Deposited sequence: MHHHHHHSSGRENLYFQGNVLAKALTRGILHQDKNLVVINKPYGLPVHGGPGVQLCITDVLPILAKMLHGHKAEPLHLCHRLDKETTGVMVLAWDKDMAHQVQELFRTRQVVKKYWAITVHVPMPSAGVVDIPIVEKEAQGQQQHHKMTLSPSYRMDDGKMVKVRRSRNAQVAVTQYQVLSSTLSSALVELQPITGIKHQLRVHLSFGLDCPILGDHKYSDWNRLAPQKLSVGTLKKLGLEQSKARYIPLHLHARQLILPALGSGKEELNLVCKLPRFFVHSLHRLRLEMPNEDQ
């Protein structure tokens, strides 16, 4: 993996968003996993030496992003600083903002989805439906508290650009809260769309026409979930923002969504 790792590390250097004595902030590309297949962990030693020379020890992970998420990712030079940043995340002191394109427009256009999640991720609500009536189900012992704030930034009648702030940090919470809580799955979320994890996301004739795609190609549409911003408390605040990927910019334009003012 070294040849490929070197090339990837150089690519990451070209996209660095912020550098100081403590941190290196990268723009994680689409499809790159954090852990192992080339992954971020494979290039931590390489990127370190690329930035600080042959004596440099590896950079350290401070938090994780999923494979199909893009954008802001903080690395640290020092292990103790990595631990400090990890603790900021654990204790909910970091503002995490994501941008997503959704199929359908959330109603209400701003709010908070607070339904717990159980881990294969699903919602775990207070009631069950039997033969059209509600039956109270005792809270599952493995349900995890999950809270996502959201705000529509731009919308058509059929698509939205949505700002998301996961307050908690539960696996796939943004995707599950949008799809199952709001019936507004993220564009490209084949796994969490149409109650069939094996089937490609179903898109309307009009949405396909805007995108310039036939339904047979919908399966190749990537997830549209970007880690847009992180605000870290002082290690004054560090306010990190990452440009959208070109593919996401393209989809926004095709879907007639606007950037916020």
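By the record, the deposited chain contains unmodelled runs at 1-13, 50-53, 137-146, 263-266, 293-295, with no C-alpha atoms placed there.
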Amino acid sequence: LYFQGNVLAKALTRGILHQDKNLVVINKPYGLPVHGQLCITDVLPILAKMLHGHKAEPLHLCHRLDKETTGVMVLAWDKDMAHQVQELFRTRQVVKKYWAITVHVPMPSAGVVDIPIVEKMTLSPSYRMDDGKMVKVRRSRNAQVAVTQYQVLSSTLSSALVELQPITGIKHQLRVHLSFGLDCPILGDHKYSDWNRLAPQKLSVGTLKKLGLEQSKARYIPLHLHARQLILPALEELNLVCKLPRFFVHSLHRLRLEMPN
From here on, numbers count along this sequence of modelled residues.
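The PDB entry records a higher mean C-alpha B factor for 121-129 than for its counterpart among 143-151 and 121-129. Between the stretches 130-138 and 87-95, it is 130-138 that shows the larger average CA temperature factor.
Which of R219, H224, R228, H52 has the largest Cα B-factor in the deposited entry comes down to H52. In this PDB entry, the Cα temperature factor of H104 sits in the middle third of its chain's modelled residues. Looking at the C-alpha B-factors along this chain, the one for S251 belongs to the lowest third.
The deposited CA B-factor of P116 belongs to the highest third of values across its chain. In the PDB entry, a CA B factor belonging to the middle third of its chain's modelled residues is recorded for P33. Per-chain ranking of the deposited C-alpha B factor places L198 in the middle third.
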